[PDB]
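Visitor: Contents of final-v9.txt (compact mmCIF, N, CA and C atoms):
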# COMPACT_ATOMS: atom_id res chain seq x y z
N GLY I 151 0.85 -1.22 0.00
CA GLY I 151 0.00 0.00 0.00
C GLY I 151 0.87 1.24 0.00
N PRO I 152 0.25 2.43 -0.23
CA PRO I 152 0.94 3.74 -0.43
C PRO I 152 1.76 4.25 0.80
N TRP I 153 1.35 3.83 2.00
CA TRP I 153 2.11 4.04 3.23
C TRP I 153 3.54 3.53 3.08
N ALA I 154 3.73 2.51 2.25
CA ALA I 154 5.05 1.92 2.09
C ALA I 154 6.09 2.80 1.36
N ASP I 155 5.68 3.91 0.74
CA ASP I 155 6.64 4.77 0.04
C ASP I 155 7.00 6.02 0.87
N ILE I 156 6.25 6.27 1.95
CA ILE I 156 6.45 7.42 2.84
C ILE I 156 7.84 7.37 3.49
N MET I 157 8.58 8.47 3.34
CA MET I 157 9.89 8.57 3.99
C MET I 157 10.01 9.95 4.58
N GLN I 158 10.78 10.08 5.65
CA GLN I 158 10.98 11.40 6.25
C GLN I 158 11.82 12.24 5.30
N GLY I 159 11.24 13.35 4.87
CA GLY I 159 11.92 14.34 4.04
C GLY I 159 13.07 15.00 4.79
N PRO I 160 14.08 15.49 4.04
CA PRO I 160 15.26 16.15 4.61
C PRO I 160 14.94 17.42 5.39
N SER I 161 13.90 18.15 5.02
CA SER I 161 13.48 19.29 5.85
C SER I 161 12.22 19.02 6.67
N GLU I 162 11.79 17.77 6.71
CA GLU I 162 10.56 17.41 7.43
C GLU I 162 10.92 16.98 8.85
N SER I 163 10.16 17.46 9.83
CA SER I 163 10.38 17.08 11.22
C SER I 163 9.94 15.64 11.44
N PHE I 164 10.49 14.99 12.47
CA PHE I 164 10.06 13.66 12.78
C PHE I 164 8.56 13.58 13.11
N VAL I 165 8.08 14.51 13.94
CA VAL I 165 6.70 14.44 14.37
C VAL I 165 5.75 14.50 13.15
N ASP I 166 6.08 15.33 12.17
CA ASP I 166 5.24 15.46 10.98
C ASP I 166 5.24 14.19 10.12
N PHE I 167 6.42 13.58 9.97
CA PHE I 167 6.59 12.31 9.27
C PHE I 167 5.85 11.19 10.00
N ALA I 168 5.98 11.15 11.34
CA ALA I 168 5.30 10.18 12.17
C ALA I 168 3.77 10.26 12.02
N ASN I 169 3.21 11.47 12.10
CA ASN I 169 1.77 11.66 11.94
C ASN I 169 1.26 11.28 10.52
N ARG I 170 1.99 11.72 9.51
CA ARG I 170 1.73 11.41 8.10
C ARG I 170 1.69 9.90 7.89
N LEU I 171 2.75 9.22 8.35
CA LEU I 171 2.88 7.79 8.24
C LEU I 171 1.79 7.02 9.00
N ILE I 172 1.51 7.44 10.24
CA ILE I 172 0.50 6.79 11.06
C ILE I 172 -0.89 6.92 10.40
N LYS I 173 -1.20 8.09 9.86
CA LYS I 173 -2.50 8.29 9.22
C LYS I 173 -2.69 7.36 7.98
N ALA I 174 -1.64 7.24 7.18
CA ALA I 174 -1.60 6.36 5.99
C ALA I 174 -1.75 4.89 6.34
N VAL I 175 -1.10 4.46 7.44
CA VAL I 175 -1.19 3.08 7.87
C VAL I 175 -2.58 2.77 8.46
N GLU I 176 -3.12 3.70 9.25
CA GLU I 176 -4.44 3.49 9.84
C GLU I 176 -5.55 3.51 8.79
N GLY I 177 -5.32 4.21 7.69
CA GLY I 177 -6.31 4.30 6.61
C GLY I 177 -6.07 3.21 5.57
N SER I 178 -5.11 2.31 5.82
CA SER I 178 -4.75 1.30 4.83
C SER I 178 -5.60 0.03 4.92
N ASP I 179 -5.25 -0.95 4.10
CA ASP I 179 -5.92 -2.27 4.12
C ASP I 179 -5.31 -3.26 5.12
N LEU I 180 -4.29 -2.84 5.89
CA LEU I 180 -3.67 -3.78 6.84
C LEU I 180 -4.67 -4.19 7.92
N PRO I 181 -4.61 -5.43 8.39
CA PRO I 181 -5.42 -5.72 9.58
C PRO I 181 -4.94 -4.85 10.75
N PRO I 182 -5.85 -4.37 11.62
CA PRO I 182 -5.40 -3.49 12.72
C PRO I 182 -4.21 -4.00 13.52
N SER I 183 -4.08 -5.32 13.66
CA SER I 183 -3.02 -5.93 14.47
C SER I 183 -1.65 -5.79 13.82
N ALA I 184 -1.61 -5.47 12.53
CA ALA I 184 -0.33 -5.35 11.85
C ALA I 184 0.18 -3.89 11.84
N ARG I 185 -0.67 -2.95 12.22
CA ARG I 185 -0.38 -1.54 12.06
C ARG I 185 0.82 -1.10 12.92
N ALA I 186 0.84 -1.51 14.20
CA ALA I 186 1.88 -1.01 15.12
C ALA I 186 3.27 -1.51 14.66
N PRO I 187 3.44 -2.84 14.45
CA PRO I 187 4.72 -3.35 13.92
C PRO I 187 5.13 -2.73 12.59
N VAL I 188 4.18 -2.55 11.67
CA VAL I 188 4.48 -1.91 10.39
C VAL I 188 4.93 -0.46 10.55
N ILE I 189 4.22 0.30 11.37
CA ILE I 189 4.57 1.71 11.65
C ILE I 189 6.00 1.80 12.27
N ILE I 190 6.27 1.02 13.30
CA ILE I 190 7.59 1.04 13.95
C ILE I 190 8.71 0.65 13.00
N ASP I 191 8.46 -0.36 12.14
CA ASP I 191 9.43 -0.72 11.10
C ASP I 191 9.75 0.45 10.17
N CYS I 192 8.72 1.17 9.74
CA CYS I 192 8.93 2.35 8.90
C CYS I 192 9.71 3.44 9.70
N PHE I 193 9.32 3.71 10.95
CA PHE I 193 10.13 4.63 11.80
C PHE I 193 11.64 4.25 11.77
N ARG I 194 11.96 2.98 11.97
CA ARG I 194 13.36 2.49 12.05
C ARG I 194 14.12 2.60 10.74
N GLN I 195 13.40 2.41 9.64
CA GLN I 195 14.01 2.29 8.33
C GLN I 195 13.89 3.53 7.47
N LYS I 196 12.82 4.30 7.61
CA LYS I 196 12.57 5.38 6.64
C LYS I 196 12.70 6.80 7.19
N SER I 197 13.08 6.92 8.46
CA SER I 197 13.32 8.22 9.08
C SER I 197 14.72 8.71 8.69
N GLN I 198 14.99 10.00 8.92
CA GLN I 198 16.29 10.62 8.61
C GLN I 198 17.38 10.01 9.47
N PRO I 199 18.66 10.10 9.04
CA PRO I 199 19.76 9.42 9.73
C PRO I 199 19.84 9.64 11.26
N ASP I 200 19.74 10.89 11.73
CA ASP I 200 19.78 11.13 13.19
C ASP I 200 18.66 10.39 13.95
N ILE I 201 17.46 10.41 13.40
CA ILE I 201 16.35 9.71 14.03
C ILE I 201 16.58 8.20 14.00
N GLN I 202 17.13 7.69 12.89
CA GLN I 202 17.38 6.26 12.79
C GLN I 202 18.30 5.83 13.92
N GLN I 203 19.27 6.67 14.28
CA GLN I 203 20.18 6.34 15.39
C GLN I 203 19.52 6.43 16.76
N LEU I 204 18.66 7.42 16.98
CA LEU I 204 17.85 7.46 18.21
C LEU I 204 17.04 6.20 18.41
N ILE I 205 16.33 5.79 17.36
CA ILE I 205 15.44 4.62 17.47
C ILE I 205 16.20 3.28 17.57
N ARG I 206 17.34 3.19 16.87
CA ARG I 206 18.20 2.00 16.90
C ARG I 206 18.43 1.46 18.30
N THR I 207 18.83 2.36 19.21
CA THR I 207 19.20 1.98 20.59
C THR I 207 18.09 2.20 21.64
N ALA I 208 16.86 2.45 21.17
CA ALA I 208 15.70 2.54 22.07
C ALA I 208 15.54 1.25 22.85
N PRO I 209 15.02 1.34 24.10
CA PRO I 209 14.71 0.17 24.87
C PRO I 209 13.79 -0.76 24.09
N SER I 210 13.98 -2.06 24.29
CA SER I 210 13.25 -3.08 23.55
C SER I 210 11.80 -3.22 24.04
N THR I 211 11.47 -2.52 25.12
CA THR I 211 10.11 -2.53 25.68
C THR I 211 9.19 -1.49 25.02
N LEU I 212 9.74 -0.67 24.13
CA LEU I 212 8.91 0.35 23.48
C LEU I 212 8.33 -0.26 22.20
N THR I 213 7.05 -0.64 22.26
CA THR I 213 6.43 -1.47 21.24
C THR I 213 5.28 -0.76 20.51
N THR I 214 4.86 0.42 20.97
CA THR I 214 3.84 1.15 20.23
C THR I 214 4.45 2.34 19.51
N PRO I 215 3.81 2.79 18.41
CA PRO I 215 4.21 4.04 17.78
C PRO I 215 4.29 5.24 18.74
N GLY I 216 3.36 5.34 19.69
CA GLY I 216 3.30 6.50 20.63
C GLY I 216 4.50 6.46 21.56
N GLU I 217 4.84 5.26 22.00
CA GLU I 217 6.02 5.07 22.86
C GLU I 217 7.28 5.47 22.15
N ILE I 218 7.38 5.12 20.88
CA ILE I 218 8.61 5.47 20.16
C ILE I 218 8.65 6.96 19.87
N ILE I 219 7.49 7.53 19.55
CA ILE I 219 7.41 8.97 19.30
C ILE I 219 7.87 9.76 20.54
N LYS I 220 7.33 9.41 21.69
CA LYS I 220 7.73 10.05 22.95
C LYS I 220 9.24 9.97 23.16
N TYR I 221 9.79 8.78 22.96
CA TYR I 221 11.21 8.55 23.13
C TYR I 221 12.04 9.47 22.26
N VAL I 222 11.67 9.58 20.98
CA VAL I 222 12.34 10.47 20.04
C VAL I 222 12.15 11.96 20.44
N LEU I 223 10.92 12.32 20.79
CA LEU I 223 10.63 13.74 21.08
C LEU I 223 11.38 14.18 22.34
N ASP I 224 11.53 13.26 23.27
CA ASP I 224 12.26 13.49 24.50
C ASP I 224 13.74 13.74 24.21
N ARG I 225 14.21 13.36 23.02
CA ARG I 225 15.63 13.47 22.67
C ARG I 225 15.84 14.55 21.64
N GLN I 226 14.79 15.35 21.46
CA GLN I 226 14.88 16.53 20.65
C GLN I 226 14.68 17.73 21.59
N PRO C 152 -2.22 -16.02 17.16
CA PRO C 152 -1.23 -16.79 17.92
C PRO C 152 0.22 -16.41 17.61
N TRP C 153 0.49 -15.86 16.42
CA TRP C 153 1.80 -15.25 16.15
C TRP C 153 2.08 -14.17 17.19
N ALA C 154 1.01 -13.49 17.60
CA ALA C 154 1.08 -12.32 18.47
C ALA C 154 1.52 -12.68 19.90
N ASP C 155 1.43 -13.96 20.24
CA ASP C 155 1.75 -14.47 21.58
C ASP C 155 3.09 -15.20 21.63
N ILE C 156 3.76 -15.33 20.48
CA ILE C 156 5.02 -16.08 20.39
C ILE C 156 6.19 -15.34 21.09
N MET C 157 6.92 -16.05 21.95
CA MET C 157 8.13 -15.55 22.63
C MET C 157 9.18 -16.66 22.66
N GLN C 158 10.47 -16.29 22.65
CA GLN C 158 11.55 -17.28 22.69
C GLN C 158 11.54 -17.96 24.06
N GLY C 159 11.70 -19.28 24.06
CA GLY C 159 11.72 -20.04 25.32
C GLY C 159 13.12 -19.98 25.93
N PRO C 160 13.21 -20.08 27.28
CA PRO C 160 14.52 -20.00 27.95
C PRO C 160 15.52 -21.07 27.51
N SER C 161 15.05 -22.19 26.98
CA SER C 161 15.98 -23.20 26.47
C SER C 161 15.94 -23.35 24.94
N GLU C 162 15.17 -22.49 24.26
CA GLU C 162 15.01 -22.59 22.81
C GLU C 162 16.15 -21.86 22.11
N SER C 163 16.92 -22.58 21.28
CA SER C 163 17.98 -21.92 20.52
C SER C 163 17.40 -20.75 19.70
N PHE C 164 18.22 -19.76 19.37
CA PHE C 164 17.71 -18.63 18.60
C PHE C 164 17.19 -19.07 17.25
N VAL C 165 17.95 -19.93 16.57
CA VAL C 165 17.58 -20.45 15.23
C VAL C 165 16.23 -21.20 15.26
N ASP C 166 15.98 -21.98 16.31
CA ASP C 166 14.71 -22.70 16.45
C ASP C 166 13.54 -21.74 16.67
N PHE C 167 13.75 -20.75 17.55
CA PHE C 167 12.79 -19.66 17.74
C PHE C 167 12.52 -18.96 16.41
N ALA C 168 13.58 -18.61 15.68
CA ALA C 168 13.42 -17.89 14.42
C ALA C 168 12.60 -18.72 13.40
N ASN C 169 12.94 -20.00 13.24
CA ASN C 169 12.17 -20.89 12.36
C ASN C 169 10.73 -21.06 12.79
N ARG C 170 10.51 -21.30 14.08
CA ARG C 170 9.15 -21.36 14.62
C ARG C 170 8.35 -20.07 14.34
N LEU C 171 9.01 -18.92 14.51
CA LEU C 171 8.29 -17.65 14.39
C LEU C 171 7.97 -17.37 12.92
N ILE C 172 8.95 -17.55 12.05
CA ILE C 172 8.80 -17.29 10.62
C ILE C 172 7.69 -18.20 10.03
N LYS C 173 7.66 -19.47 10.45
CA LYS C 173 6.60 -20.43 10.07
C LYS C 173 5.20 -19.97 10.50
N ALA C 174 5.05 -19.61 11.77
CA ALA C 174 3.74 -19.18 12.26
C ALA C 174 3.25 -17.90 11.53
N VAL C 175 4.17 -16.98 11.24
CA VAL C 175 3.81 -15.73 10.59
C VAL C 175 3.43 -15.96 9.11
N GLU C 176 4.24 -16.75 8.40
CA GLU C 176 3.93 -17.11 7.01
C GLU C 176 2.58 -17.82 6.87
N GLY C 177 2.24 -18.69 7.82
CA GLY C 177 0.95 -19.38 7.81
C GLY C 177 -0.20 -18.61 8.46
N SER C 178 0.06 -17.40 8.95
CA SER C 178 -0.99 -16.61 9.59
C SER C 178 -1.83 -15.87 8.55
N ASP C 179 -2.84 -15.16 9.03
CA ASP C 179 -3.70 -14.33 8.18
C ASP C 179 -3.14 -12.91 7.99
N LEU C 180 -1.83 -12.80 7.83
CA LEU C 180 -1.17 -11.49 7.62
C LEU C 180 -0.89 -11.32 6.14
N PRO C 181 -1.07 -10.09 5.59
CA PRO C 181 -0.57 -9.87 4.22
C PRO C 181 0.94 -10.01 4.17
N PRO C 182 1.48 -10.43 3.02
CA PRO C 182 2.93 -10.53 2.87
C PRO C 182 3.68 -9.24 3.29
N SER C 183 3.10 -8.07 2.99
CA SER C 183 3.70 -6.78 3.36
C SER C 183 3.85 -6.56 4.87
N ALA C 184 3.19 -7.38 5.68
CA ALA C 184 3.24 -7.20 7.12
C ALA C 184 4.17 -8.21 7.78
N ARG C 185 4.63 -9.19 7.00
CA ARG C 185 5.34 -10.33 7.55
C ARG C 185 6.71 -9.97 8.10
N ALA C 186 7.56 -9.33 7.30
CA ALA C 186 8.88 -8.92 7.80
C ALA C 186 8.76 -7.97 9.03
N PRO C 187 7.91 -6.92 8.96
CA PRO C 187 7.81 -6.06 10.14
C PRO C 187 7.38 -6.81 11.39
N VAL C 188 6.40 -7.72 11.26
CA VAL C 188 5.94 -8.51 12.39
C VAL C 188 7.06 -9.41 12.95
N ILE C 189 7.79 -10.07 12.06
CA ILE C 189 8.88 -10.95 12.51
C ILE C 189 9.97 -10.14 13.27
N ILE C 190 10.42 -9.03 12.69
CA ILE C 190 11.49 -8.20 13.24
C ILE C 190 11.06 -7.67 14.60
N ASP C 191 9.82 -7.18 14.69
CA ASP C 191 9.26 -6.75 15.95
C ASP C 191 9.28 -7.86 17.01
N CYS C 192 8.86 -9.06 16.64
CA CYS C 192 8.89 -10.16 17.58
C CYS C 192 10.33 -10.48 18.01
N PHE C 193 11.28 -10.46 17.07
CA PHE C 193 12.71 -10.61 17.41
C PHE C 193 13.15 -9.56 18.43
N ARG C 194 12.85 -8.29 18.13
CA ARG C 194 13.34 -7.16 18.92
C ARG C 194 12.78 -7.17 20.33
N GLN C 195 11.57 -7.71 20.47
CA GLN C 195 10.77 -7.52 21.67
C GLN C 195 10.49 -8.80 22.47
N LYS C 196 10.52 -9.95 21.81
CA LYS C 196 10.05 -11.19 22.45
C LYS C 196 11.09 -12.31 22.48
N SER C 197 12.30 -12.02 21.98
CA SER C 197 13.43 -12.94 22.16
C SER C 197 13.85 -12.98 23.63
N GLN C 198 14.81 -13.84 23.98
CA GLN C 198 15.33 -13.86 25.35
C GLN C 198 15.99 -12.51 25.70
N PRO C 199 16.03 -12.14 27.00
CA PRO C 199 16.52 -10.80 27.38
C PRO C 199 17.87 -10.41 26.78
N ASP C 200 18.83 -11.34 26.78
CA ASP C 200 20.18 -11.02 26.30
C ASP C 200 20.16 -10.82 24.80
N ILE C 201 19.24 -11.53 24.14
CA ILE C 201 19.10 -11.40 22.70
C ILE C 201 18.42 -10.09 22.37
N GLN C 202 17.44 -9.67 23.18
CA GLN C 202 16.84 -8.35 22.91
C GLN C 202 17.91 -7.25 22.98
N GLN C 203 18.81 -7.37 23.96
CA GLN C 203 19.85 -6.35 24.16
C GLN C 203 20.86 -6.40 23.05
N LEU C 204 21.20 -7.61 22.59
CA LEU C 204 22.12 -7.70 21.47
C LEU C 204 21.57 -7.02 20.20
N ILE C 205 20.30 -7.27 19.87
CA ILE C 205 19.65 -6.67 18.68
C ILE C 205 19.56 -5.14 18.77
N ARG C 206 19.38 -4.65 20.00
CA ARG C 206 19.37 -3.23 20.26
C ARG C 206 20.71 -2.59 19.85
N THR C 207 21.80 -3.37 19.87
CA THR C 207 23.10 -2.84 19.40
C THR C 207 23.33 -2.94 17.90
N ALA C 208 22.48 -3.70 17.20
CA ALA C 208 22.65 -3.96 15.78
C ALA C 208 22.57 -2.70 14.95
N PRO C 209 23.37 -2.65 13.85
CA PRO C 209 23.38 -1.48 12.99
C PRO C 209 21.96 -1.26 12.43
N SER C 210 21.59 0.00 12.23
CA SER C 210 20.26 0.37 11.71
C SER C 210 20.08 -0.13 10.28
N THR C 211 21.19 -0.54 9.67
CA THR C 211 21.20 -0.97 8.29
C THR C 211 20.84 -2.45 8.17
N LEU C 212 20.52 -3.12 9.29
CA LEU C 212 20.01 -4.49 9.24
C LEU C 212 18.49 -4.46 9.22
N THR C 213 17.92 -4.74 8.06
CA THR C 213 16.54 -4.39 7.82
C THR C 213 15.64 -5.57 7.43
N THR C 214 16.22 -6.76 7.30
CA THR C 214 15.45 -7.96 6.99
C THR C 214 15.59 -8.94 8.14
N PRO C 215 14.61 -9.85 8.32
CA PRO C 215 14.75 -10.89 9.34
C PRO C 215 16.05 -11.70 9.18
N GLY C 216 16.40 -12.03 7.94
CA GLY C 216 17.62 -12.80 7.66
C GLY C 216 18.86 -12.08 8.18
N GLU C 217 18.94 -10.78 7.93
CA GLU C 217 20.07 -9.99 8.41
C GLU C 217 20.18 -9.94 9.95
N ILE C 218 19.04 -9.86 10.64
CA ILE C 218 19.01 -9.88 12.11
C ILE C 218 19.38 -11.26 12.66
N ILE C 219 18.86 -12.32 12.02
CA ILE C 219 19.18 -13.69 12.46
C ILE C 219 20.69 -13.89 12.37
N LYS C 220 21.26 -13.50 11.24
CA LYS C 220 22.69 -13.58 11.02
C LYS C 220 23.50 -12.82 12.10
N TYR C 221 23.11 -11.58 12.38
CA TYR C 221 23.78 -10.77 13.40
C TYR C 221 23.81 -11.46 14.76
N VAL C 222 22.65 -12.00 15.16
CA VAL C 222 22.52 -12.70 16.42
C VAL C 222 23.39 -13.97 16.45
N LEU C 223 23.31 -14.79 15.41
CA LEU C 223 24.08 -16.04 15.38
C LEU C 223 25.58 -15.76 15.46
N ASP C 224 26.04 -14.72 14.77
CA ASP C 224 27.47 -14.34 14.77
C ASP C 224 27.97 -13.75 16.10
N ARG C 225 27.08 -13.13 16.88
CA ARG C 225 27.52 -12.32 18.03
C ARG C 225 27.05 -12.77 19.41
N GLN C 226 26.04 -13.64 19.45
CA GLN C 226 25.47 -14.07 20.72
C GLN C 226 26.50 -14.83 21.57
Could you express the structure from this file as structure tokens?

Guide:
Amino acid sequence: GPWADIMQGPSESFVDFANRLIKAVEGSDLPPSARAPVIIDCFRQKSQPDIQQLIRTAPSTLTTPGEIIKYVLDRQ
Amino acid sequence: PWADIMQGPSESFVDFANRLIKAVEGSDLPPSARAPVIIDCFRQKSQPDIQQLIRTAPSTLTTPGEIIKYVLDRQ
């Protein structure tokens, strides 16, 4: 689905990319149970380099998009 | 039931990985959700020392195969 092409732009903030991505995934054909893992995978892989490093070493207990967003925002 | 899968305290990583990949492939998930679901389960539901090892993995490891390899080489 189209959520799969979304990437954080070079002048785009993380929060804006996160909201954009989350809206696309929630409006997609994925079963609801696949949304959180899919969103977090996109955060890890398609965010800008600095964000990718923040998320890389995040605690392994942060399993929701909101948890990861907080973690990143706390480090900005 | 994929959603409840966790590595057992005596289960080798490779056996866990095969068990998990099998359950996910046979589940009612679209193919586009399979790799993210597997990687998430690795990152979050492996044994504690394995979760910490994956947390150190380069961000450039983006497929289940690449993570399995990293763990087998470094555990």

Visitor: List as number ranges by chain: which residues have an atom within 6 Å of (17.9, -12.2, 18.4), counting only C-alpha atoms?

Guide: C: 193, 197, 201, 205, 222

Visitor: Take the selection from the previous step and output its residues with N, CA and C atoms, as a PDB file, in the coordinates of the input.

Guide:
ATOM      1  N   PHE C 193      11.280 -10.460  17.070  1.00  0.00           N
ATOM      2  CA  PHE C 193      12.710 -10.610  17.410  1.00  0.00           C
ATOM      3  C   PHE C 193      13.150  -9.560  18.430  1.00  0.00           C
ATOM      4  N   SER C 197      12.300 -12.020  21.980  1.00  0.00           N
ATOM      5  CA  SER C 197      13.430 -12.940  22.160  1.00  0.00           C
ATOM      6  C   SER C 197      13.850 -12.980  23.630  1.00  0.00           C
ATOM      7  N   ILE C 201      19.240 -11.530  24.140  1.00  0.00           N
ATOM      8  CA  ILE C 201      19.100 -11.400  22.700  1.00  0.00           C
ATOM      9  C   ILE C 201      18.420 -10.090  22.370  1.00  0.00           C
ATOM     10  N   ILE C 205      20.300  -7.270  19.870  1.00  0.00           N
ATOM     11  CA  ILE C 205      19.650  -6.670  18.680  1.00  0.00           C
ATOM     12  C   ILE C 205      19.560  -5.140  18.770  1.00  0.00           C
ATOM     13  N   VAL C 222      22.650 -12.000  15.160  1.00  0.00           N
ATOM     14  CA  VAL C 222      22.520 -12.700  16.420  1.00  0.00           C
ATOM     15  C   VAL C 222      23.390 -13.970  16.450  1.00  0.00           C
TER      16      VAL C 222
END

Visitor: Using only C-alpha atoms, find which residues of chain I lie within 12 Å of chain C and jot them down as a PyMOL selection string.

Guide: chain I and resi 151-154+175+178-214

Visitor: Keeping only N, CA and C atoms, take the residues you just selected and write them out as a CSV table (one decimal), in the coordinates of the input.

Guide:
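Output saved as selection.csv:
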chain,number,residue,atom,x,y,z
I,151,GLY,N,0.8,-1.2,0.0
I,151,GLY,CA,0.0,0.0,0.0
I,151,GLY,C,0.9,1.2,0.0
I,152,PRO,N,0.2,2.4,-0.2
I,152,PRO,CA,0.9,3.7,-0.4
I,152,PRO,C,1.8,4.2,0.8
I,153,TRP,N,1.4,3.8,2.0
I,153,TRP,CA,2.1,4.0,3.2
I,153,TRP,C,3.5,3.5,3.1
I,154,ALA,N,3.7,2.5,2.2
I,154,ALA,CA,5.0,1.9,2.1
I,154,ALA,C,6.1,2.8,1.4
I,175,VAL,N,-1.1,4.5,7.4
I,175,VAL,CA,-1.2,3.1,7.9
I,175,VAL,C,-2.6,2.8,8.5
I,178,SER,N,-5.1,2.3,5.8
I,178,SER,CA,-4.8,1.3,4.8
I,178,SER,C,-5.6,0.0,4.9
I,179,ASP,N,-5.2,-1.0,4.1
I,179,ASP,CA,-5.9,-2.3,4.1
I,179,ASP,C,-5.3,-3.3,5.1
I,180,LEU,N,-4.3,-2.8,5.9
I,180,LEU,CA,-3.7,-3.8,6.8
I,180,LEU,C,-4.7,-4.2,7.9
I,181,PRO,N,-4.6,-5.4,8.4
I,181,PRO,CA,-5.4,-5.7,9.6
I,181,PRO,C,-4.9,-4.8,10.8
I,182,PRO,N,-5.8,-4.4,11.6
I,182,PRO,CA,-5.4,-3.5,12.7
I,182,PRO,C,-4.2,-4.0,13.5
I,183,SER,N,-4.1,-5.3,13.7
I,183,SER,CA,-3.0,-5.9,14.5
I,183,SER,C,-1.6,-5.8,13.8
I,184,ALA,N,-1.6,-5.5,12.5
I,184,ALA,CA,-0.3,-5.4,11.8
I,184,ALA,C,0.2,-3.9,11.8
I,185,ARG,N,-0.7,-3.0,12.2
I,185,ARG,CA,-0.4,-1.5,12.1
I,185,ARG,C,0.8,-1.1,12.9
I,186,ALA,N,0.8,-1.5,14.2
I,186,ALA,CA,1.9,-1.0,15.1
I,186,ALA,C,3.3,-1.5,14.7
I,187,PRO,N,3.4,-2.8,14.4
I,187,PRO,CA,4.7,-3.4,13.9
I,187,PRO,C,5.1,-2.7,12.6
I,188,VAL,N,4.2,-2.6,11.7
I,188,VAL,CA,4.5,-1.9,10.4
I,188,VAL,C,4.9,-0.5,10.6
I,189,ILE,N,4.2,0.3,11.4
I,189,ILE,CA,4.6,1.7,11.6
I,189,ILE,C,6.0,1.8,12.3
I,190,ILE,N,6.3,1.0,13.3
I,190,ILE,CA,7.6,1.0,14.0
I,190,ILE,C,8.7,0.6,13.0
I,191,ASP,N,8.5,-0.4,12.1
I,191,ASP,CA,9.4,-0.7,11.1
I,191,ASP,C,9.8,0.4,10.2
I,192,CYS,N,8.7,1.2,9.7
I,192,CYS,CA,8.9,2.4,8.9
I,192,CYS,C,9.7,3.4,9.7
I,193,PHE,N,9.3,3.7,11.0
I,193,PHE,CA,10.1,4.6,11.8
I,193,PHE,C,11.6,4.2,11.8
I,194,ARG,N,12.0,3.0,12.0
I,194,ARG,CA,13.4,2.5,12.0
I,194,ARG,C,14.1,2.6,10.7
I,195,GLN,N,13.4,2.4,9.6
I,195,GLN,CA,14.0,2.3,8.3
I,195,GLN,C,13.9,3.5,7.5
I,196,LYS,N,12.8,4.3,7.6
I,196,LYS,CA,12.6,5.4,6.6
I,196,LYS,C,12.7,6.8,7.2
I,197,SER,N,13.1,6.9,8.5
I,197,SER,CA,13.3,8.2,9.1
I,197,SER,C,14.7,8.7,8.7
I,198,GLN,N,15.0,10.0,8.9
I,198,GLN,CA,16.3,10.6,8.6
I,198,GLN,C,17.4,10.0,9.5
I,199,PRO,N,18.7,10.1,9.0
I,199,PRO,CA,19.8,9.4,9.7
I,199,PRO,C,19.8,9.6,11.3
I,200,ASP,N,19.7,10.9,11.7
I,200,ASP,CA,19.8,11.1,13.2
I,200,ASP,C,18.7,10.4,14.0
I,201,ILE,N,17.5,10.4,13.4
I,201,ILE,CA,16.4,9.7,14.0
I,201,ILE,C,16.6,8.2,14.0
I,202,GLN,N,17.1,7.7,12.9
I,202,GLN,CA,17.4,6.3,12.8
I,202,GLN,C,18.3,5.8,13.9
I,203,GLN,N,19.3,6.7,14.3
I,203,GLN,CA,20.2,6.3,15.4
I,203,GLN,C,19.5,6.4,16.8
I,204,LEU,N,18.7,7.4,17.0
I,204,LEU,CA,17.8,7.5,18.2
I,204,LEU,C,17.0,6.2,18.4
I,205,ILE,N,16.3,5.8,17.4
I,205,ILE,CA,15.4,4.6,17.5
I,205,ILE,C,16.2,3.3,17.6
I,206,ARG,N,17.3,3.2,16.9
I,206,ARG,CA,18.2,2.0,16.9
I,206,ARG,C,18.4,1.5,18.3
I,207,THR,N,18.8,2.4,19.2
I,207,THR,CA,19.2,2.0,20.6
I,207,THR,C,18.1,2.2,21.6
I,208,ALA,N,16.9,2.4,21.2
I,208,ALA,CA,15.7,2.5,22.1
I,208,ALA,C,15.5,1.2,22.8
I,209,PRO,N,15.0,1.3,24.1
I,209,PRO,CA,14.7,0.2,24.9
I,209,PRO,C,13.8,-0.8,24.1
I,210,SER,N,14.0,-2.1,24.3
I,210,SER,CA,13.2,-3.1,23.6
I,210,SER,C,11.8,-3.2,24.0
I,211,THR,N,11.5,-2.5,25.1
I,211,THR,CA,10.1,-2.5,25.7
I,211,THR,C,9.2,-1.5,25.0
I,212,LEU,N,9.7,-0.7,24.1
I,212,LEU,CA,8.9,0.4,23.5
I,212,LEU,C,8.3,-0.3,22.2
I,213,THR,N,7.0,-0.6,22.3
I,213,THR,CA,6.4,-1.5,21.2
I,213,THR,C,5.3,-0.8,20.5
I,214,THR,N,4.9,0.4,21.0
I,214,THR,CA,3.8,1.2,20.2
I,214,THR,C,4.4,2.3,19.5

Visitor: So what do you get for atom N of residue C:156 versus atom C of residue C:223, distance-wise?

Guide: 22.4 Å

Visitor: Quick one: residues within 7 Å of residue C:153, all atoms listed in the file counted, chain neighbours fewer than 2 positions away excluded, as a VMD selection string?

Guide: chain C and resid 155 to 156 174 to 175

Visitor: Looking only at the backbone, which of the residues in stretch 166-209 of chain C does DSSP tag as helix (DSSP H, G or I), as a ChimeraX atom specification?

Guide: /C:166-176,182-196,199-206

Visitor: Record the distance separating atom CA of residue I:172 and atom CA of residue I:221, expressed in Å with one decimal.

Guide: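 Atom CA of residue I:221 lies 16.2 Å from atom CA of residue I:172.
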
Visitor: Please list as number ranges by chain every residue within 8 Å of residue C:164, counting all atoms listed in the file and excluding residues in the same chain fewer than 2 positions away.

Guide: C: 158, 161-162, 166-170, 197-198, 219, 222-223
